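Enquirer: Protein chains in written order, with my numbering: chain W, 3 to 83; chain E, 206 to 292; chain C, 108 to 273; chain B, 69 to 160; chain U, 10 to 102; chain P, 177 to 285; chain Z, 32 to 138; chain G, 27 to 123; chain L, 27 to 123.
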Amino acid sequence: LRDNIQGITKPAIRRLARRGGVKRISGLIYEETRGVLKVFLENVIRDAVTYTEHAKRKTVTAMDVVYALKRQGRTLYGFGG
Amino acid sequence: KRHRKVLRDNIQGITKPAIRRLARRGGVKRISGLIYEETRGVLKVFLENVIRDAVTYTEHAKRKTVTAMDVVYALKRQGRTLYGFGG
Amino acid sequence: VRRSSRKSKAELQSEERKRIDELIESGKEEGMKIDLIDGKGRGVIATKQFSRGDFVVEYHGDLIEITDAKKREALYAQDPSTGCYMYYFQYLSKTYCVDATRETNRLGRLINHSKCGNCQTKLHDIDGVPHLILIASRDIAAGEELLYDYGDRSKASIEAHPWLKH
Amino acid sequence: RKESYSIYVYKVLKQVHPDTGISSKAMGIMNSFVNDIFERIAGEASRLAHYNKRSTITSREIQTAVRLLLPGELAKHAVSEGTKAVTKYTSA
Amino acid sequence: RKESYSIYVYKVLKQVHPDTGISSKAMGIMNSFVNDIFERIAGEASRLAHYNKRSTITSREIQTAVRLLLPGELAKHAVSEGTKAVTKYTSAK
Amino acid sequence: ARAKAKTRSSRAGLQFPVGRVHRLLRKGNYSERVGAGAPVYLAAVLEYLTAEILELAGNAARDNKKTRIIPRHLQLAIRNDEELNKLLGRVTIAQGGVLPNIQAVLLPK
Amino acid sequence: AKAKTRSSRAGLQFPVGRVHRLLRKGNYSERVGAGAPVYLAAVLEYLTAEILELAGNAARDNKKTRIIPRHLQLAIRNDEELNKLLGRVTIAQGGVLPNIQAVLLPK
Amino acid sequence: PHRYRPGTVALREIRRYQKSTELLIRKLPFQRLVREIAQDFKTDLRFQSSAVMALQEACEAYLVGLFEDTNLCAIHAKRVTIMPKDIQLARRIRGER
Amino acid sequence: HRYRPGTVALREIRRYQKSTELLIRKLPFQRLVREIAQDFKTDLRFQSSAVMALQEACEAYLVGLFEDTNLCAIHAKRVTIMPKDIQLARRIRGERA
DNA sequence: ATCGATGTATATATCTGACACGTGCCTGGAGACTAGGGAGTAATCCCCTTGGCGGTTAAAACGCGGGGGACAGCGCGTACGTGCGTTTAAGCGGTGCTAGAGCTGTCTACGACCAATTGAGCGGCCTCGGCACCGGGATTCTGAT
DNA sequence: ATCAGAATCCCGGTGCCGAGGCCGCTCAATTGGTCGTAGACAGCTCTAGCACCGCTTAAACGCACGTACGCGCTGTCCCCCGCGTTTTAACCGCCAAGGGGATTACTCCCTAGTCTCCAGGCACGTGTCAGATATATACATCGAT
């Protein structure tokens, strides 16, 4: 799995920005947003894999992700918990 | 000797030079003129929240004095953990 | 059938505001009689069980600017039988004066000064005009007198009136 | 034996909007909301009991936790509801 | 009679900076810091134990709580120190 | 176990399970003991909050001329209510979307 | 028989017994393993050793011998890890990091 | 041969994507990225479908809120276009590293 | 004789970032605290340590808010902080909807 | 400122999956009863909070002049939007496979509990030295020339 | 530059009060022994996560052109800053009272624990209807000739 952050394509980030209310989007926004997303995902997945490892499991579960997010301060309603 | 009648606020005790000292500590180089009323509003909101929570903790302990632990607990409730008052 | 009656904070604040306006312009003045005090002169005993924040009276008078405020008080004081009726207040870069020497049908101007009374005065602007409201900032019994602070620290007047500190 | 609040949220719904249903995803979301508010109130009541060196969580602790966690009007009305329920419960 | 971490903070101080004091205010601040980090780690370990439906906090739960609460290098070295301490504590008996 | 049993909920006039709330306050390690009115109070508060959210959600679903409350309607209710949005301000609602809101400086002239 | 504190068995300067008592009386779980307080005390000692070492470095760089809230503040806000850890923490009598934005310096 | 002024299509997309609720990132590329990032921390991990959907919902909500604040920053700078300096200001004020 | 406007500002900045004492004055701040608490429970009492804690917290709050405000202003190509900057900082931090 | 695409709300058909409902049962909730210990309540002491007085002086308030900094206008060029033809890879549905979650049973090591004891930690005391402070030589910044 | 000239840093020495060492007491940590139960480990089932493969087609991509906007520059005008004088009220010390915080002692009543009874909630299977398309109607919108 190499260079998958490019799977967050330019039109995808533009759709996210449209949902956010953005009207125009500088062209350097896309790499910045890919970096921001990779950082946020690294943090949440590190916490989720830690919860999983502690449960001696091997499947990251919806509850492991929900707990990671609740610990980041970003409680997520709709996947259990 | 007839005298006039005026008021005060106790929020104007956060004086303009004090707000400018705070801004200087924050690194502000130049200050607008409405920053003072804006900052007084901000500070009154923050104080209202923290003191409401501290007075709630006090009432629950059936005390009539607001100890420093009540303020520390209120601040931790807001998410602004304060070190150095017996926390 | 189960319906919440919550009245979001905007509704509560607006309703308190409208209540203030209609009460000020209602002239009800519930239960306040003029009597005598042992040394001060007149007295207005309120006969209702007040509590925190409830209304008491409106210090009805004439509102003016500051250029005439810093003058009219002394110009009425040139009459040594004027008492104390004018109220200044600083609000939005301007200080004002509540001309209340000319007698009115209201109960505002009829109160004396102290720092050990029961009232601390606020301000309300019913469409611009700042009406000097008086609220019960504490628990008052039916049979206590209206007594608030004039805020005035005129060292000359406090020299002549040592009773201003009390 | 999976624990949920689905049937009780159904009851409260059919009590508020008697001619309105609720999808399964919204059911899961209301379930999570109830779990989260329960966890908050219980953790805050625990903190209060520990602060005041008590051992029991009581209606006093739960009321103070409600007053700390919910903003103004929500807290006033929730305290009203809980006090009414406790008085009715101890009467019956 | 009220408990604190004053003498232990002072011992660790005399370990790291032998000729150096610490004022009363900084002593109170280190007290608050020790209490805060203790409460964080213990609450996270409690929450982990409740997650896995288990009743006992162990060195496993504490290690996971440390690896959750401290940022990368602090967490790595704190896990190192804790494991060292637990092995030395079980060797002797 | 005579004197035919009625649930603590029914005795309290609630729809949320007071017995389950008691069990959760016990097997949750919040405190050693747990008062008798604590589960009743907590269940009353939880049922109140649930009713308060579901009322606004049903109103939104009826505005959009629908019959089934959905995550979108929950999101709309919560974000539009001033105090539920403060209680649930750092909460993500799956498949909720955002509020329709365009800043004024982007509209045409 | 002769006794020696658990702290001495583990080589720690923090009280393993006090930590165990706190874990028990703090209502964290129905049971507390043997090595749980040892691990927790070791971690608390490591963290306070880090904080104290950096604060002592600050006190040296200030040519003083006592640590003070200001020195704790400097140590924390300068170390990136400790600043991420204690990021939502105010330190009484601690002041702020000396930092003037470049756009305000004289050109 | 009709054509709109630049901006009206953007406003229509705004109204559309604020009416809708569906996920705006492609599920399979997102899942692939998540599997990579996780592979960094622990090898041979499995993922529940609901776990990856939760990650996606959380990431999308994060980016949508970040873009709301970025748009506020841009409007503050008297612009209409959001820029990397706007994202960086939003994150720095908001507390992220 | 005279200093160019700005040099005394920077001198004050260096001075107040060197120091640690409280910048608001204790007696006015304490009067403010008492009047605010007067609206939640009458006849309250405050440990002097409690008022000092409140003052440390409030000054830390305002200092951090002014750092964020300065960042907003600098972002807007300005140097003078403004109420719109304070409002943007608060809104991005999540204190005012 | 109609034209005329161009897209958009209103209506009906309908149908597909999801939701609301009926059933049996088992497992958790309720009722009674007993024991004990946690907490309510009364008393007491002394700490520490509040209030007032007096003087100092440091700090706030006020006024003024002026300059630099915000803001509005303007021009330019560039980079972002919009649209269209093309490519590519997401998505959907099939199957199959097997890893690993989840539940069960056994049993042992481990942690709670309880009592005897002893030394580590705490509170009060006292001393000295570290930091503050006050005044002085130097040098290092700004600012008019 | 050219310079002075106020701030500012390095320097002594005094001084004072807080911090660090000392010691006696007491209470909580250690030790030893018992027990009961939690979880560790093995075993087995069987869901569901992964992999693959083919088709469809929706979405991504690349290109071209135009134009809206970002950004630099200029001018003005005004509103903060710096400074000097006055005033005011923070602050510090002192005293003096008294509320109420903290501790202790006692008693009672409320909650845990146990056992038994049983009904309500859960999985499970089924009927049906809400809402999501699909197409048509009428209309709204806006961009330009």
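No residue lacks a Cβ here, since even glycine has one placed at the ideal position from N, Cα and C.
Using DSSP's beta-bridge definition, name the partner residues of residue 161(C).
Expert: 243(C)
Enquirer: Taking Cβ positions only, does residue 111(C) come closer than 8 Å to chain P?
Expert: yes
Enquirer: Out of 260(C), 178(C), 170(C), 270(C), which one is the CA nearest neighbour of residue 235(C)?
Expert: 170(C)
Enquirer: Ends of the beta strand (DSSP E) at residue 231(C)?
Expert: 231–233
Enquirer: As an exercise, report each continuous alpha helix (DSSP H) stretch of at least 4 residues that is fully enclosed by the segment 73–119 of chain B, in chain order.
Expert: Within the segment 73–119 of chain B, the runs of alpha helix (DSSP H) that reach at least 4 residues and sit entirely inside it are, in chain order, 74–84, 92–119.
Enquirer: Since residue 85(Z) is in the alpha helix (DSSP H), which residue starts that stretch and which ends it?
Expert: 66–92
Enquirer: Should residue 212(P) and residue 153(B) be called a contact, given that it needs their Cβ atoms to be closer than 8 Å?
Expert: no
Enquirer: Which of the three DSSP states, helix, strand or coil, is assigned to residue 145(B)?
Expert: helix
Enquirer: Taking residue 125(C) as the reference, give the member of 222(C), 203(C), 140(C), 232(C) with the closest Cα.
Expert: Looking only at 222(C), 203(C), 140(C), 232(C), the smallest Cα-Cα distance to residue 125(C) is reached by 232(C).
Enquirer: So with CB distances below 9 Å, who are the chain C contacts of residue 219(P)?
Expert: Neighbours of residue 219(P) on chain C: none; closest Cβ ~16 Å, over 9 Å.
Enquirer: Could you name the residues that DSSP lists as bridge partners for residue 220(C)?
Expert: 255(C)
Enquirer: Using 8 Å as the limit for Cβ to Cβ distance, is residue 96(B) near chain W?
Expert: It does; some Cβ of chain W falls within 8 Å.
Enquirer: Rounded to a whole number of angstroms, what is the C-alpha to C-alpha distance between residue 190(C) and residue 77(L)?
Expert: 41 Å
Enquirer: Name the chain W residues that come within less than 9 Å of residue 100(B), Cβ to Cβ?
Expert: By Cβ distance, chain W contributes 68, 77, 78, 79, 80, 81, 82, 83.
Enquirer: Does the Cβ of residue 156(C) have 16 or more other Cβ atoms within 10 Å, making it buried, or fewer, making it exposed?
Expert: exposed
Enquirer: With DSSP run on the structure shown, which of helix, strand or coil describes residue 44(L)?
Expert: helix
Enquirer: Between residue 236(P) and chain G, is there a C-beta pair that is closer than 8 Å?
Expert: no
Enquirer: Can you grab the Cα-Cα spacing for the pair residue 66(U) / residue 148(B), in whole Å?
Expert: 39 Å
Enquirer: Determine the contact status of residue 226(E) and residue 42(L), defining contact as a CB-CB distance below 8 Å.
Expert: Note that the C-beta distance between residue 226(E) and residue 42(L) is below 8 Å.
Enquirer: In this structure, does DSSP put residue 59(Z) in helix, strand or coil?
Expert: coil
Enquirer: Return the CA-CA distance between residue 91(Z) and residue 77(U), expressed in angstroms with no decimal places.
Expert: 33 Å
Enquirer: Got a sec, what are the start and stop residues for the alpha helix (DSSP H) residue 79(G) sits in?
Expert: 75–102
Enquirer: Excluding the five sequence neighbours on either side, which residues of its own chain have a C-beta within less than 8 Å of the C-beta of residue 83(W), listed in chain order?
Expert: 65, 68, 69, 72
Enquirer: Does the beta carbon of residue 255(E) sit closer than 8 Å to a beta carbon anywhere in chain C?
Expert: no
Enquirer: Name the chain L residues that come within less than 8 Å of residue 245(C), Cβ to Cβ?
Expert: 68
Enquirer: Quick one: which chain P residues come within Cβ less than 9 Å of residue 33(G)?
Expert: Residues of chain P passing the Cβ test: 282, 284.
Enquirer: Give the single residue among 148(C), 135(C), 161(C), 153(C) whose Cα lies nearest to the Cα of residue 243(C).
Expert: 161(C)
Enquirer: For residue 134(C) and residue 258(C), what's the separation of their Cα atoms in angstroms?
Expert: 26 Å
Enquirer: From residue 146(B) to residue 112(C), what distance separates their C-alpha atoms?
Expert: 12 Å
Enquirer: So what's residue 273(C) in DSSP terms, helix, strand or just coil?
Expert: coil
Enquirer: Helix, strand or coil for residue 34(Z), going by three-state DSSP, please let me know.
Expert: coil
Enquirer: Determine which residues share a DSSP beta bridge with residue 46(W) and list them.
Expert: Paired residue(s): none; residue 46(W) is not in a bridge.
Enquirer: For the alpha helix (DSSP H) that residue 102(Z) lies in, which residues bound it at each end?
Expert: 100–109
Enquirer: Who are the Cβ neighbours of residue 108(B) in its own chain at under 7 Å, not counting the five residues just before and after it?
Expert: Counting only Cβ-Cβ distances below 7 Å, and skipping sequence neighbours, we find 137.
Enquirer: Helix, strand or coil: which one does DSSP assign to residue 99(U)?
Expert: Residue state for residue 99(U) is assigned as helix, using DSSP reduced to three classes.
Enquirer: List the whole-angstrom C-beta distance separating residue 215(C) from residue 154(C), where the pair is believed to meet the contact cut-off of C-beta under 8 Å.
Expert: Actually they do not touch by this definition, with Cβ atoms about 17 Å apart.
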